[PDB]
Structures are given as C-alpha cells and as structure tokens.
Amino acid sequence: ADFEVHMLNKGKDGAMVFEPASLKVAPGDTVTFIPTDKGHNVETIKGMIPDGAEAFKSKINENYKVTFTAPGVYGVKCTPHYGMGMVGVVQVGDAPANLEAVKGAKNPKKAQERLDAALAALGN
Ligand SMILES: [Cu+2]
C-alpha cells in the first residue's frame, strides 16, 4: 500500500506542518513525502526510530519515497522547521515495541506539543 504525506507552510494545525501528521501503515508499505510547498524535507528524529531501522534525511524540495521496513513508531521532522514544530509520526504495524521510548524522547517545545497530539491520535 502507498500513502502520501504533504509538506505545507500552513494547514489546519497552524504553520509548518506535515498533513497528515499521524499515520498508521503496514510493515513494507511506502509513504511519499511531497513538497506541496517549497523549502521542506523529511528526516528521522533522534531517539524516535525503532530497533533495526536506519535514519534517513531527504533533500530540500524532493519528493521522497520511503518503504518502512522495521516495525515500530517513527518520529519524523522537517530539518529547517523542527523548532517551529514541523513534525509527524508514522506507526508501522501493530503493537509498536518502541512506543514507550518514543514518548520519552526530547524535542523542542513546539515539536513536543505536536508529537504528543500525533501519538495520542494513533491510540497513544
Ligand atoms: Cu519544513
């Protein structure tokens, strides 16, 4: 299954957002992060990727397709707008084993507000 996440300057949740900001996919599914607005990328957040997965970082303005392999919760950010809260969460598969350690990861205040909302949106 293929899903799309749009990178926008402004959306329903305020400035600098990924829409949707919370998504659940199956192990092996692909998500394309689309630069609807220019000046954004996607990068995994330190401490917010499961065991066996590798970190990734796309280039500014590229349409970036990612096939999620390792099951778990992945926190993603937009590099330049991380301090402004441009973040999202991708849950891969059921019963993520790192969900509890992703909740304790440290992020700038605006990003933490949005991550907490996104994490609660998946059933915590
Ligand atoms: Cu951005």
# chains A, B, ... in the order shown; residues from 1 in each chain; ligands from 1
$ residues_near_ligand --ligand "ligand 1" --cutoff "7 Å" --atoms "only C-alpha atoms and all ligand atoms" --output "PyMOL selection string"
chain A and resi 7+16+39-41+78-81+86
$ write_last_selection --atoms "N, CA, C and O atoms" --output "short mmCIF file (atom, residue, chain, number, x, y, z; two decimals), in the first residue's frame"
data_model
loop_
_atom_site.label_atom_id
_atom_site.label_comp_id
_atom_site.auth_asym_id
_atom_site.auth_seq_id
_atom_site.Cartn_x
_atom_site.Cartn_y
_atom_site.Cartn_z
N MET A 7 3.84 18.29 2.64
CA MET A 7 4.65 19.19 3.47
C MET A 7 4.17 20.61 3.15
O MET A 7 4.27 20.98 1.99
N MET A 16 3.79 25.43 9.28
CA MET A 16 4.82 24.41 9.11
C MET A 16 4.39 23.03 9.61
O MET A 16 4.82 22.56 10.67
N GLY A 39 10.73 24.38 0.28
CA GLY A 39 11.58 24.60 1.40
C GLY A 39 11.57 23.65 2.56
O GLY A 39 12.03 23.92 3.67
N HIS A 40 10.96 22.49 2.31
CA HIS A 40 10.86 21.44 3.35
C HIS A 40 11.51 20.13 2.90
O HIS A 40 11.71 19.85 1.73
N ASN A 41 11.84 19.29 3.83
CA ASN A 41 12.38 17.94 3.64
C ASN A 41 11.79 17.07 4.77
O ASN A 41 10.96 17.59 5.56
N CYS A 78 10.84 18.05 9.79
CA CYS A 78 11.33 18.85 8.66
C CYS A 78 12.54 19.56 9.25
O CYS A 78 12.42 20.39 10.19
N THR A 79 13.76 19.31 8.73
CA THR A 79 15.01 19.82 9.26
C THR A 79 15.04 21.28 9.61
O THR A 79 15.19 21.67 10.80
N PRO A 80 14.70 22.15 8.65
CA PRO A 80 14.74 23.58 8.94
C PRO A 80 13.63 24.06 9.86
O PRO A 80 13.75 25.13 10.46
N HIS A 81 12.50 23.38 9.87
CA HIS A 81 11.34 23.84 10.64
C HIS A 81 11.04 22.98 11.87
O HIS A 81 9.96 23.17 12.43
N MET A 86 7.51 21.41 12.95
CA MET A 86 7.08 20.65 11.74
C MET A 86 7.52 19.23 11.92
O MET A 86 8.68 18.86 11.63
#
$ select_by_dssp --residues "chain A" --states "alpha helix (DSSP H)" --output "PyMOL selection string"
chain A and resi 99-103+109-121
$ select_by_dssp --residues "chain A" --states "strand (DSSP E)" --output "PyMOL selection string"
chain A and resi 2-11+14-19+22-25+30-34+43-44+64-67+72-77+87-92
$ write_last_selection --atoms "N, CA and C atoms" --output "compact mmCIF listing (two decimals), in the first residue's frame"
# COMPACT_ATOMS: atom_id res chain seq x y z
N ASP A 2 0.53 2.26 -0.68
CA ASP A 2 1.24 3.51 -0.83
C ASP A 2 0.40 4.63 -0.22
N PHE A 3 1.06 5.52 0.56
CA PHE A 3 0.36 6.63 1.21
C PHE A 3 1.13 7.93 0.84
N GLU A 4 0.47 9.05 1.06
CA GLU A 4 1.12 10.32 0.74
C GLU A 4 1.04 11.23 1.97
N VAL A 5 2.09 11.98 2.21
CA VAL A 5 2.13 12.96 3.31
C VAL A 5 2.57 14.28 2.64
N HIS A 6 1.77 15.33 2.82
CA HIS A 6 2.10 16.61 2.21
C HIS A 6 2.86 17.52 3.18
N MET A 7 3.84 18.29 2.64
CA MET A 7 4.65 19.19 3.47
C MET A 7 4.17 20.61 3.15
N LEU A 8 3.55 21.27 4.12
CA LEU A 8 2.95 22.57 3.84
C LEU A 8 3.37 23.71 4.77
N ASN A 9 3.32 24.96 4.27
CA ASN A 9 3.66 26.14 5.06
C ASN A 9 2.55 26.41 6.10
N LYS A 10 1.31 26.07 5.71
CA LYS A 10 0.21 26.27 6.66
C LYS A 10 -0.93 25.32 6.36
N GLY A 11 -1.45 24.81 7.47
CA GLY A 11 -2.56 23.86 7.34
C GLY A 11 -3.49 24.08 8.54
N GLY A 14 -1.89 24.84 11.95
CA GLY A 14 -1.05 26.01 12.13
C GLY A 14 0.09 26.01 11.07
N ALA A 15 1.12 26.76 11.37
CA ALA A 15 2.22 26.89 10.40
C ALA A 15 3.19 25.71 10.43
N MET A 16 3.79 25.43 9.28
CA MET A 16 4.82 24.41 9.11
C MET A 16 4.39 23.03 9.61
N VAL A 17 3.57 22.37 8.78
CA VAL A 17 3.05 21.05 9.13
C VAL A 17 3.23 19.97 8.05
N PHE A 18 3.16 18.71 8.54
CA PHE A 18 3.08 17.57 7.64
C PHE A 18 1.56 17.25 7.72
N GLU A 19 0.91 16.95 6.64
CA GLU A 19 -0.53 16.55 6.67
C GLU A 19 -0.70 15.27 5.90
N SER A 22 -0.05 12.17 11.61
CA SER A 22 -0.14 10.88 12.28
C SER A 22 -0.64 9.89 11.25
N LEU A 23 0.02 8.77 11.03
CA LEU A 23 -0.39 7.81 10.04
C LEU A 23 0.01 6.41 10.50
N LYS A 24 -0.84 5.44 10.29
CA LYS A 24 -0.50 4.06 10.60
C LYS A 24 -0.48 3.30 9.25
N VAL A 25 0.60 2.61 8.97
CA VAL A 25 0.79 1.85 7.73
C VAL A 25 1.19 0.43 8.14
N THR A 30 4.76 1.93 1.68
CA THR A 30 5.58 3.07 1.24
C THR A 30 4.85 4.36 1.52
N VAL A 31 5.52 5.41 1.88
CA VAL A 31 4.92 6.72 2.13
C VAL A 31 5.80 7.69 1.28
N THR A 32 5.15 8.49 0.48
CA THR A 32 5.87 9.51 -0.28
C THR A 32 5.56 10.84 0.45
N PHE A 33 6.63 11.56 0.77
CA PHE A 33 6.55 12.87 1.43
C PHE A 33 6.69 13.88 0.31
N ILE A 34 5.65 14.64 0.09
CA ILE A 34 5.53 15.53 -1.03
C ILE A 34 5.69 16.98 -0.66
N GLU A 43 13.21 14.11 7.76
CA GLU A 43 14.33 13.49 8.41
C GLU A 43 13.83 12.77 9.68
N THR A 44 14.44 11.63 9.97
CA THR A 44 14.01 10.94 11.21
C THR A 44 14.59 11.71 12.42
N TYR A 64 10.13 12.48 -1.68
CA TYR A 64 10.87 11.41 -1.08
C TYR A 64 10.01 10.22 -0.72
N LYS A 65 10.33 9.11 -1.41
CA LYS A 65 9.58 7.87 -1.14
C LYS A 65 10.39 7.01 -0.19
N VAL A 66 9.72 6.54 0.88
CA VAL A 66 10.31 5.67 1.87
C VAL A 66 9.45 4.38 2.03
N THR A 67 10.12 3.23 1.97
CA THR A 67 9.46 1.94 2.24
C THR A 67 9.87 1.67 3.71
N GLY A 72 7.42 -0.52 14.22
CA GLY A 72 7.61 0.42 15.32
C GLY A 72 7.09 1.80 14.93
N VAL A 73 7.27 2.76 15.85
CA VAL A 73 6.89 4.12 15.65
C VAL A 73 8.15 4.92 15.23
N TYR A 74 7.93 5.71 14.20
CA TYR A 74 8.98 6.55 13.63
C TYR A 74 8.53 8.02 13.83
N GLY A 75 9.35 8.86 14.45
CA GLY A 75 9.06 10.27 14.54
C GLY A 75 9.91 10.90 13.41
N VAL A 76 9.29 11.80 12.64
CA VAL A 76 9.93 12.45 11.52
C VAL A 76 9.80 13.98 11.71
N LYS A 77 10.79 14.71 11.18
CA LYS A 77 10.75 16.15 11.25
C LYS A 77 11.13 16.79 9.89
N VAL A 87 6.62 18.40 12.47
CA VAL A 87 6.94 17.02 12.83
C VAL A 87 5.76 16.10 12.55
N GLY A 88 5.98 14.80 12.51
CA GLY A 88 4.84 13.85 12.29
C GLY A 88 5.30 12.54 12.85
N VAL A 89 4.36 11.59 12.91
CA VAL A 89 4.68 10.26 13.46
C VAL A 89 4.05 9.24 12.47
N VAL A 90 4.79 8.20 12.15
CA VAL A 90 4.38 7.10 11.29
C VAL A 90 4.48 5.82 12.12
N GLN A 91 3.34 5.19 12.35
CA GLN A 91 3.34 3.90 13.08
C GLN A 91 3.33 2.80 12.02
N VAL A 92 4.32 1.94 12.08
CA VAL A 92 4.46 0.81 11.12
C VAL A 92 4.09 -0.49 11.83
$ closest_atom_pairs --of "segment 16-84 of chain A" --to "segment 106-121 of chain A" --cutoff "7 Å" --atoms "only C-alpha atoms" --output "tab-separated table"
residue	atom	partner	partner_atom	distance
A:21	CA	A:118	CA	6.2
A:22	CA	A:118	CA	5.1
A:82	CA	A:111	CA	6.5
A:83	CA	A:108	CA	5.9
A:84	CA	A:110	CA	6.0
$ write_last_selection --atoms "N, CA, C and O atoms" --output "tab-separated table (two decimals), in the first residue's frame"
chain	number	residue	atom	x	y	z
A	21	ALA	N	-0.37	14.41	10.07
A	21	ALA	CA	0.78	14.38	10.98
A	21	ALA	C	0.92	13.08	11.74
A	21	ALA	O	1.81	12.92	12.56
A	22	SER	N	-0.05	12.17	11.61
A	22	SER	CA	-0.14	10.88	12.28
A	22	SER	C	-0.64	9.89	11.25
A	22	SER	O	-1.67	10.20	10.63
A	82	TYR	N	11.99	22.23	12.36
A	82	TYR	CA	11.81	21.38	13.55
A	82	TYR	C	11.51	22.21	14.81
A	82	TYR	O	10.66	21.92	15.61
A	83	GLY	N	12.21	23.33	14.98
A	83	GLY	CA	11.99	24.27	16.10
A	83	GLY	C	10.64	24.96	16.04
A	83	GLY	O	10.09	25.36	17.09
A	84	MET	N	9.97	25.04	14.90
A	84	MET	CA	8.66	25.57	14.66
A	84	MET	C	7.61	24.45	14.74
A	84	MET	O	6.39	24.69	14.52
$ residues_around --residues "residue 51 of chain A" --least-positions-apart "4" --cutoff "12 Å" --atoms "only C-alpha atoms" --output "ChimeraX atom specification"
/A:47,55,69-74,96-99,101-102
$ atom_distance --atom1 "atom CA of residue 104 of chain A" --atom2 "atom CA of residue 58 of chain A"
25.0 Å
$ atom_distance --atom1 "atom CA of residue 56 of chain A" --atom2 "atom CA of residue 12 of chain A"
26.8 Å
$ closest_residue --among "A:105, A:60, A:1, A:49" --to "residue 37 of chain A" --atoms "only C-alpha atoms"
A:60
